[PDB]
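Residues per chain, in single letters:
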Amino acid sequence: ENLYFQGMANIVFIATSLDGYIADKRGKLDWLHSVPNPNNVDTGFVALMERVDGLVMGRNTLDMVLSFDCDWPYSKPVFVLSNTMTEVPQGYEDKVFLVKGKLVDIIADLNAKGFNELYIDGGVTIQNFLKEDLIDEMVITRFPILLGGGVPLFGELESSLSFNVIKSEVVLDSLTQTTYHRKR
Amino acid sequence: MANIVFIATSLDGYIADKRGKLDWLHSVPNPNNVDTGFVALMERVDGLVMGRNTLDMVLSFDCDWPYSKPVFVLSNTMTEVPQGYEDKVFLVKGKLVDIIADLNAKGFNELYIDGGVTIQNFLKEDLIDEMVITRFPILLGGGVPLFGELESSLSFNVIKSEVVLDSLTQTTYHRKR
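Residues numbered from 1 in each chain as written, not as in the entry; some residues may be left out. Chains lettered and ligands numbered in written order. Heavy atoms only, no water. Residues with missing side-chain atoms left out of burial classes, pairs and counts.

Per the PDB record, this model was obtained through X-ray crystallography at a reported resolution of 2.120 Å.

The PDB entry annotates chain B as Putative riboflavin biosynthesis protein of Shewanella loihica. This entry's official PDB title is "Crystal structure of Putative riboflavin biosynthesis protein (YP_001092907.1) from SHEWANELLA SP. PV-4 at 2.12 A resolution".

With the PDB entry as reference, chain A is termed Putative riboflavin biosynthesis protein, source organism Shewanella loihica.

Written out as structure tokens, the structure reads:
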């Protein structure tokens, strides 16, 4: 019963195109540079990372973040959902931790260990959370570009899921950033 | 001279739900019947361009014709207009660039483009100048999408964004020329 009100939250924080893609058809994020940010203005990430206890991420996102030329961007543990992945690559054993099983169980287990506020990342992972109605908050930064193909943020659902608008503002002059909480 | 989209969408980008229905549009209360741009839009535009799907949806509401301006239905199959709508609805056939050229020449210069399939076809030829999207806070998880495929991306500028009726966001995008 009501883990959110008891202080446990699953939080989405993601950039999408106008048409709902989180990567283009080549798996790239170059379109994120379609809007200038010369002065390196922060639009929520430092504060998200300070708030969350860890991340739950899919293998597709992990594989795109892991690289030879990579500066690991996360200050909190990344829990990676793979039925497929048996071991964490060299250099990332204190950064990335494997979790397996039913989402509800995985979440119960992390929460019991004190990882109560989780940053849920990755399209398949987010979609899977939403299929069990496990997302409490989403902050979506929408870019004024139609990509016309790519990796979708959202998928299919058994029934519609309603949210409240907590806040919406224009950031960096040409982005909208809207904060949704799931309706109780 | 402008081709303008003015449409409501779910958070996940649908313009009708998985059953073809629009109930989710009455999920945000509007007891005072506030205008969220439609009246000012109809005043501005010279006409509408829509397709068979939107025509049929409007006719399905069993209400008074809502449009003060002529409605052009873009269709390469329809040859006759629904009975009673001969003074209201006109068919246009052929290449889009030609259709727009012919309408503009007749003084139909500001056009409200409606319909998923029609908007998509304008987008595939980069013929959309402005879009006002009113986004509802609901994941439908299925339905009729607003957007489809493009060969290549299209960039816009955010002219304005605001919360309307407390729970909706309404953003005005102009095509980056």
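Okay, back to it.
(A) Region of interest: empty space enclosed by the protein. The calculated volume of the largest cavity comes to roughly 100 Å³. Lining the largest cavity, in full, are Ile140, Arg142, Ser168, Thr176, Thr178 and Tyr180 of chain A together with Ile133, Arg135, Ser161, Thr169, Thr171 and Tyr173 of chain B. Where the lining of the largest cavity is concerned, the elements lending two or more residues are β7 (137-143) and β11 (175-182) of chain A together with β7 (130-135) and β11 (168-175) of chain B. Among the residues forming the lining of the largest cavity, the class breakdown is 4 nonpolar, 6 polar and 2 charged. A volume near 40 Å³ is recorded for the second largest cavity. What lines the second largest cavity is simply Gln127, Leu130, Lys131, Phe154, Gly155, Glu156 and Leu157 of chain A together with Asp12 and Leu139 of chain B. If one sorts the elements of the lining of the second largest cavity by residue count, helix α4 (residues 123-131) of chain A sits on top with 3 residues. Here the residues of the lining of the second largest cavity are counted per class, giving 4 nonpolar, 2 polar and 3 charged. (1 Å grid on protein atoms, 1.4 Å probe; cavity = no way out; pocket = protein on both sides within 12 Å on 5 of 7 lines; lining within 4 Å. Points joined across faces, edges and corners; volume = space filled by probe spheres on them. Helix = DSSP H or I, 4+ residues; strand = E, 2+ residues; numbered from the N terminus. Nonpolar A, V, L, I, M, F, W, Y, C, P; charged D, E, K, R; others polar.)

(B) Just the pattern of salt bridges, in detail. All names here are of chain A. With the rule as written, the count across this model stands at 12 salt bridges over all chains. As a salt-bridge pair, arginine 184 and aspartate 136 come within 2.8 Å of each other at their nearest N and O atoms. One end of the pair, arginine 184, is in the segment after β11; the other, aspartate 136, is in the loop between α4 and β7, and 48 residues separate them in sequence. In this structure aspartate 136 comes out as buried when scored by relative accessible area, which is 11%. If you follow the salt bridges from partner to partner, you end up with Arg51, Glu117 and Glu137 in one network. (Salt bridge = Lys/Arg side-chain N within 4 Å of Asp/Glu carboxyl O. Buried < 20%, exposed > 50% of the residue type's maximum accessible area, 1.4 Å probe, protein only.)

(C) View of the UniProt feature "domain: Bacterial bifunctional deaminase-reductase C-terminal" (unreviewed entry) in chain A. When the UniProt feature table is mapped onto this chain numbering, "domain: Bacterial bifunctional deaminase-reductase C-terminal" (unreviewed entry) sits at residues 11-169 of chain A. Secondary structure within residues 11-169 of chain A divides into 21% helix and 30% strand; the distance between the first and last C-alpha atoms comes to 19 Å. (UniProt positions renumbered as here; feature names shortened; annotations may be inferred.)

(D) How the structure looks around helix α3 (residues 103-112) of chain A. Of the residues making up α3 of chain A, those classed as buried are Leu103, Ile106, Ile107, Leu110 and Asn111 of chain A. The buried residues of α3 of chain A occupy an angular sector of 130° when projected down its axis, which confines them to one face. (Arc of directions from axis to C-beta.)

(E) Geometry of unusual backbone geometry. In this model, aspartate 133 of chain A sits at a positive phi of 60°, which is unusual for a non-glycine residue. With respect to the helices and strands, the residue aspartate 133 of chain A is situated in the loop between α4 and β7. The residue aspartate 126 of chain B is not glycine, and still its phi comes out positive at about 50°. Inspection of the secondary structure puts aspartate 126 of chain B in the loop between α4 (116-124) and β7. Since its relative accessible area comes to 35%, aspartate 126 of chain B is described here as partly exposed.

(F) Inspection of the interface of chain A and chain B at higher detail. Contact residues are listed per partner, giving 30 residues for chain A and 30 residues for chain B. For the side of chain A that touches chain B, the secondary structure elements donating two or more residues are β7, β8 (145-146), β10 (161-171) and β11 of chain A. For the side of chain A that touches chain B, the element with the highest residue contribution is β10 of chain A, accounting for 6 residues. Of the residues assigned to the side of chain A that touches chain B, the class counts are 15 nonpolar, 9 polar and 6 charged. (Contact = heavy atoms within 4.5 Å.)

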